[PDB]
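Note that the protein sequences, when read in sequence, are chains H and L.
When you line the first sequence up against PDB author numbering, it's residues 1 to 137, 140 to 155, 157 to 158, 163 to 170, 172 to 181, 184 to 197, 200 to 201, 203 to 224, 227 to 231, in that order.
Just so it is clear: in the second sequence, position 145 is 145 by PDB author numbering, and no numbers are missing.
Comments concern the structure below.
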Amino acid sequence: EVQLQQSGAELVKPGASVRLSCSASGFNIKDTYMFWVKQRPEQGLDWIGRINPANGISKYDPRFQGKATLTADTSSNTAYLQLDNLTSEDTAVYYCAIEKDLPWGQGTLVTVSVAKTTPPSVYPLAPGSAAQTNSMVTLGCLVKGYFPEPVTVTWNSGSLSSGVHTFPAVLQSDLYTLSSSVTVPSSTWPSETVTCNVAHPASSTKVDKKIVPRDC
Amino acid sequence: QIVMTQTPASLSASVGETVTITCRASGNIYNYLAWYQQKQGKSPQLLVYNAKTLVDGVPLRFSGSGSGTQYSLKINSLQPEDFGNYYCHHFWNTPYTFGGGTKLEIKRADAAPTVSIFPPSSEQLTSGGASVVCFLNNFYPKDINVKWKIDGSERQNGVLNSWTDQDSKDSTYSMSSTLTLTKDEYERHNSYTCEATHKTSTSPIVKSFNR
């Protein structure tokens with residue numbers, strides 16, 4: 001197929017520099033104009049600058065002139081973006097795109113912080129033995147104490168789709187906390206096995222916790 | 001450069017309605033404009049380029065127009081999956097700037113929060129922490145208030161609240177409230193109460209466990 005693949009998430013001390021990569025599969029970079037878009041968390045889209053990889057000439061927005069540098073090499077067909085003297089103000093998702101009819105890249109997350117990586121701790125949320133002999137039951143999972151972003155929660164290995173809500177993470181002393191709920195009918201629980210599965214890539218940690228009834 | 005000025009900032013409309021999002025370029029851009037929809041957590045999707053050309057694979061309900069400095073997105077017969085942000089982007093000259101956006105929520109009939117509360121996991125109690133959680137799933141509108149009444153007494157210390165975005169099919173919301181105490185304190189109190197007050201009933205939804 002034809003699509004841009006951007007690089008992985010980054011964790012950097014401030015003042016540090018990064019070099020993000022955007023690959024063109026099934027089409028040639030040299031025939032298009034490529035641009036990069038920045039997006040602060042919860043905020044909107046800022047254009048960083050565009051580039052025509054052929055002649056190597058790039059046009060920036062003055063706000064990024066001394067922070068960003070777009071460079072394109074037609075050989076490996078990869079476009080790049082280098083950020084300098086990182087600061088909290090640069091922690092955001094970066095997008096790669098072509099000036100034509102093609103979907104942009106999935107974007108890259110760059111988290112600038114002194115905080116070291118820390119795997120989450122997932123605690124399973126089982127109810128306190130109350131009348132659960134009613135149509136549908140609501141199970142829960144509370145993932146907390148991890149940094150940086152993002153974690154992933157799925158239910163019963165992605166098979167349980169309908170009824172799940174993973175609420176957005178939130179900082180605390184530089185640590186996140188997130189949680190996910192699922193509504194399985196009363197019958200399936203626990204006549205079947207419902208389990209909360211969470212993957213935090215930044216620490217090569219995955220954790221499975223079996224939602227099981229509370230005792231005595 | 002040419003500054004895109006977008007309006008309105010926040011918008012609420014129902015299924016079946018016709019909406020219009022307008023973008024006004026400071027300077028003339030001779031139809032060098034494009035519209036996007038950014039759904040939470042996904043890359044901005046292009047809807048229409050060169051002011052009026054609709055992209056292939058995008059519904060006929062999305063009509064684009066404008067001339068000179070005025071341009072506007074038009075959504076005839078709104079559908080539930082139309083919620084998100086819409087950015088009008090210019091590219092007449094450099095720098096190609098983006099408009100401030102439009103948070104488009106979907107008007108739907110009111111619905112009450114179906115709530116549930118969970119005591120702290122056996123596992124957590126040993127770490128020296130206790131998190132009492134409560135999920136108020138599926139309500140509309142978003143305004144809603146829950147108060148943690150510990151032993152019949154209100155506590156507002158160490159409570160984390162989070163909310164999701166409008167569902168794709170039904171347009172509702174969900175919220176998760178978390179009161180985090182130290183193992184010690186959790187052990188010296190009995191009833192824990194997550195009480196929620198919505199706009200669909202006058203008598204507050206209460207869910208609590210005694211421990």
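Note that beta-carbon positions come from the ideal geometry of N, C-alpha and C, so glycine has one too.
Whether or not the segment 109-129 of chain L and the segment 19-29 of chain L are in contact is what I'm after, with contact meaning three or more pairs of Cβ atoms, one per stretch, closer than 8 Å; do they touch? no
Under 8 Å, Cβ to Cβ, is there at least one residue of chain L near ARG50/H? Within the first sequence, numbered from 1, the residue matching residue 50/H stands at position 50. Yes, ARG50/H counts as interfacial toward chain L.
Excluding the five sequence neighbours on either side, which residues of its own chain have a C-beta within less than 8 Å of the C-beta of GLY26/H, listed in chain order? Position 26 of the first sequence, counted from the start, is the residue given in the question as residue 26/H. Excluding residues within five positions, the ones whose Cβ falls inside 8 Å are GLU1, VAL2, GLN3.
Range of the contiguous alpha helix (DSSP H) that encloses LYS183/L: Within the second sequence, numbered from 1, the residue matching residue 183/L stands at position 183. 183-186 is the span of the alpha helix (DSSP H), which, as asked, contains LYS183/L.
Determine whether the Cβ of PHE175/H lies closer than 8 Å to any Cβ atom of chain L. Position 167 of the first sequence, counting from 1, holds the residue named residue 175/H. Judged by the 8 Å Cβ criterion, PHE175/H is in contact with chain L.
Buried or exposed: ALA109/L, going by 16 or more other Cβ atoms within 10 Å of its Cβ? Residue mapping note: residue 109/L aligns to position 109 of the second sequence, counting from 1. Exposed, by the Cβ-count rule.
Same chain only: Cβ atoms within 6 Å of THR7/L, ignoring 5 sequence neighbours per side: In the second sequence, the residue the question calls residue 7/L occupies position 7. If we look at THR7/L and ignore the five residues flanking it on each side, its Cβ neighbours are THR22.
Alpha carbon of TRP35/L to alpha carbon of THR180/L, nearest angstrom: The residue given as residue 35/L occupies position 35 in the second sequence. The residue given as residue 180/L occupies position 180 in the second sequence. About 43 Å.
Those residues which DSSP pairs with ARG155/L across a bridge: If you number the second sequence from 1, residue 155/L lands on position 155. DSSP output for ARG155/L lists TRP148/L as bridge partner(s).
8 Å Cβ cut-off: residues of chain C touching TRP104/H: The displayed structure is made up of protein chains H and L, and chain C is not among them.
Can you tell me the Cβ-Cβ gap for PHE83/L and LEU104/L, rounded? I've got them flagged as a contact below 8 Å. Position 83 of the second sequence, counting from 1, holds the residue named residue 83/L. Position 104 of the second sequence, counting from 1, holds the residue named residue 104/L. About 6 Å; that satisfies the 8 Å criterion.
I'd like the list of long-range same chain contacts for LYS207/L, defined as Cβ closer than 7 Å, with 5 residues on each side in sequence excluded. Numbered from its first residue, the second sequence carries residue 207/L at position 207. So the qualifying residues of the chain are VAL115, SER116, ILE117, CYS134, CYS194.
So is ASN145/L buried or exposed if we call it buried at 16+ other beta carbons inside 10 Å? Stepping through the second sequence from its first residue, residue 145/L is reached at position 145. So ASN145/L ends up on the exposed side.
Near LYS169/L, which residues of its chain fall below 7 Å by C-beta distance, leaving aside the five closest residues on each side in sequence? As a working note, residue 169/L is residue 169 in the second sequence. Within the same chain, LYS169/L has close Cβ partners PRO80.
Judging by CA-CA distance, which residue of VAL194/H, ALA97/H, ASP221/H, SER190/H is the nearest neighbour of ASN52/H? As a position in the first sequence, residue 52/H is number 52, starting the count at 1. Minimum Cα distance to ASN52/H is reached at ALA97/H.
If you follow the beta strand (DSSP E) that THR20/L is in, where does it begin and where does it stop? Numbered from 1 along the second sequence, position 20 holds the residue referred to as residue 20/L. Looking at the DSSP string, the run of the beta strand (DSSP E) that includes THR20/L is 19-25.
Fully enclosed by the segment 22-107 of chain L, which beta strand (DSSP E) runs are 3 residues long or longer? 33-38, 45-49, 62-67, 70-75, 84-90, 103-107
Kindly indicate the opening and closing residues of the beta strand (DSSP E) around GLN6/H. Translated into positions along the first sequence, residue 6/H becomes position 6. Where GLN6/H is concerned, the enclosing beta strand (DSSP E) stretches over 3-6.
Given this structure, state the Cα-to-Cα distance separating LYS67/H from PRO14/H, to the nearest angstrom. Along the first sequence, one-based indexing puts residue 67/H at 67. Along the first sequence, one-based indexing puts residue 14/H at 14. Using only the alpha carbons, I get a separation of about 13 Å.
Where the segment 58-73 of chain L meets chain H: residues whose CB sits under 8 Å from a CB there: none
Within the chosen definition, does the segment 80-97 of chain H reach the segment 110-126 of chain H through at least 3 CB pairs nearer than 8 Å? yes
Given a cut-off of 8 Å on the beta-carbon distance, is the pair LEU185/H and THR117/H in contact? Translated into positions along the first sequence, residue 185/H becomes position 175. Translated into positions along the first sequence, residue 117/H becomes position 117. It is not a contact, given that the beta carbons lie outside the stated cut-off.
Minimum Cβ-Cβ distance from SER26/L to chain H less than 8 Å: If you number the second sequence from 1, residue 26/L lands on position 26. Not one chain H Cβ lies under 8 Å of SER26/L.
Could you check the C-alpha separation between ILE75/L and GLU205/H for me, to the nearest Å? For the purposes of this step, residue 75/L is taken as the residue at position 75 of the second sequence. For the purposes of this step, residue 205/H is taken as the residue at position 192 of the first sequence. Distance between the alpha carbons of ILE75/L and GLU205/H is about 45 Å.
For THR164/L, does the three-state DSSP call read helix, strand or coil? The residue you call residue 164/L lines up with position 164 of the second sequence. Coil, per DSSP.
For the beta strand (DSSP E) containing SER12/L, list its first residue and its last residue. Here residue 12/L refers to the residue found at position 12 when the second sequence is read from its first residue. Here the beta strand (DSSP E) through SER12/L covers 10-14.
Mind reading off the beta-carbon distance from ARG19/H to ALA92/H? Whole number of angstroms is fine, and I expect it under 8 Å. Along the first sequence, read from residue 1 onward, the residue named residue 19/H stands at position 19. Along the first sequence, read from residue 1 onward, the residue named residue 92/H stands at position 92. In fact, because the Cβ distance is near 16 Å, the residues do not count as touching under 8 Å.
In the DSSP assignment, find the unbroken beta strand (DSSP E) run with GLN82/H in it and report its ends. Start at 1 with the first residue of the first sequence, and residue 82/H comes out as number 82. First-last of the beta strand (DSSP E) with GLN82/H: 78-83.
Should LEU47/L be labelled buried (16 or more other beta-carbon atoms within 10 Å of its own) or exposed? Indexing the second sequence from 1 puts residue 47/L at position 47. By the 10 Å Cβ count, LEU47/L comes out buried.
Please compile the residues from chain H whose C-beta is within a distance smaller than 9 Å of the C-beta of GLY100/L. Here residue 100/L is taken as the residue at index 100 of the second sequence, counted from 1. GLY44, listed in chain order.
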